[PDB]
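Mapping of the sequence shown onto the entry's author numbering: residues 1 to 147, in sequence order.
C-beta atoms are modelled at their ideal positions from N, C-alpha and C, and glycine is treated no differently.
Below: one structure, written as structure tokens.
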Amino acid sequence: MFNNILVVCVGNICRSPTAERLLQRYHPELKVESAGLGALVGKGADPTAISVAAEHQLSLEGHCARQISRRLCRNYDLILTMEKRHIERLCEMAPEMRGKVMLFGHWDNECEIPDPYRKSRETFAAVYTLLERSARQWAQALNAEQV
């Protein structure tokens, strides 16, 4: 059971906390946390990410952005992201975790997901919908594959 996960995106404030909370919604006992490759360390969750989460009654409350570092990569047992470009950076940062970085859309023909950054709420909702199905597939795998 890879109970300890760190989700990662570029600016941190959006996809990482959305994924964190979606994973917690489907597995309350999961230790899941959120960071970024070029994080806005100290900022809260993005107002637009909060808005689309609240439109599905999920609460990105109390998120704090965190620059991922080699120490953070060692701290968890599965590193999770949304794009294969980010897998490449994370493998370069922590070769010791290269076999343990994967993406949300892995279970969907390894499809990668846009980053909503500052685009309209429709973009935030489109990535939220992608993240929601991906989080269900990750939760299904987490629930299964017991040993």
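- In the DSSP annotation of this structure, the continuous segment of the alpha helix (DSSP H) that includes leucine 131 starts and ends at 121–143.
- Taking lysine 84 as the centre and dropping the five residues before and after it, the same chain places the C-beta of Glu112 closer than 6 Å to its C-beta, in chain order.
- Nearest in C-alpha terms to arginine 25, of all of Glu110, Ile68, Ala53 and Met93, is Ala53.
- Our two residues, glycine 62 and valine 147, have alpha carbons roughly 34 Å apart in a direct line.
- Excluding the 5 residues flanking it on each side, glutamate 132 has same chain C-beta neighbours closer than 7 Å at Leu22, in chain order.
- Pairing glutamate 122 with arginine 71, the inter-Cα distance amounts to about 35 Å.
- Boundaries cannot be given for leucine 60, as no beta strand (DSSP E) includes it and DSSP labels it neither H nor E.
- If you compare the alpha carbons of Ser134, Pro95 and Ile50 with that of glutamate 110, the shortest gap goes to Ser134.
- In this structure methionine 1 is exposed. Its beta-carbon is surrounded by fewer than 16 other beta-carbon atoms within 10 angstroms.
- With fewer than 16 other Cβ atoms inside 10 Å of its own Cβ, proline 114 counts as exposed.
- In the pairwise beta carbon analysis, the stretch 39–56 is classified as touching the stretch 4–23: at least three pairs are separated by under 8 Å.
- Judged by DSSP in its simplified three-state form, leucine 72 adopts helix.
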